[PDB]
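Only one chain is shown below, in structure tokens, and it's the form deposited in one PDB entry.
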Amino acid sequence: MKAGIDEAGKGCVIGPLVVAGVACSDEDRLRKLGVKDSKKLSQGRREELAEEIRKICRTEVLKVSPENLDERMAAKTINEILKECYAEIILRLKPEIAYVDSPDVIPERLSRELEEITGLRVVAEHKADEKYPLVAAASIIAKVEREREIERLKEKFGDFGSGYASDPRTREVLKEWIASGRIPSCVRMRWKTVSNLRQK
């Protein structure tokens, strides 16, 4: 079987990093589910599609908490962390060939390092989620898992917006949490955004 790998939450300041892999024995059946045009789907429809994917394909998920990300980012960058997560998923699935979505503009270097770590055939590409049904499926699984955690967090800490530095609601909420001296555990402390706000 072939497999697709992707992530959700790499650029967020709140919440986990989720990496997922999907391997199917029947791609045309996967296509029938309509993974190709899943970007238009709502959070509710995405969740439903993820359940259908899980029933006909093997899936593997990995989640890295904000706390654990902060720990690992002391010695590595977010992209290197991703690379490590990608390798773990590929090794669990051990596919014939694995298609991955590339964070940087130059894929070749990622393919090399991955094929070396895994010893398997790997093809990292240009925003591969919209080229290979397998990767798009991986994207759906990762996004749904991330979303469930985000919802759980809002239930506990209130509505902090999307969790991205761009969302105005997120910046505001982050500002007051910092000023309170009591910051929730779901905030990535080693993030550039947080440092700059604490230095303010």
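We call the rigid core the largest set of C-alpha positions that still match within 1.5 Å between the two forms. So that there is no doubt, residue numbering starts at 1 and follows the sequence shown.
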Out of 61-69 and 23-31, which stretch has the higher average CA B-factor listed in the record? 23-31
Quick check: 137-145 versus 161-169, which has the larger average CA B-factor in the record? 161-169
From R152, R45, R54, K131, residue of greatest CA B-factor: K131
Name the one of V123, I90, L82, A74 with the greatest CA B-factor according to the PDB entry. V123
Assert third(CA B-factor, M1) within chain per record equals highest
Would you mind ranking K192 by its C-alpha B-factor against the rest of the chain and naming the third, lowest, middle or highest? highest
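Keep in mind that the form deposited in another entry is not shown, yet the notes after this line are about it.
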Quick one: core overlaid, is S25 moving 2 Å or more at the Cα between this form and the one not shown? no
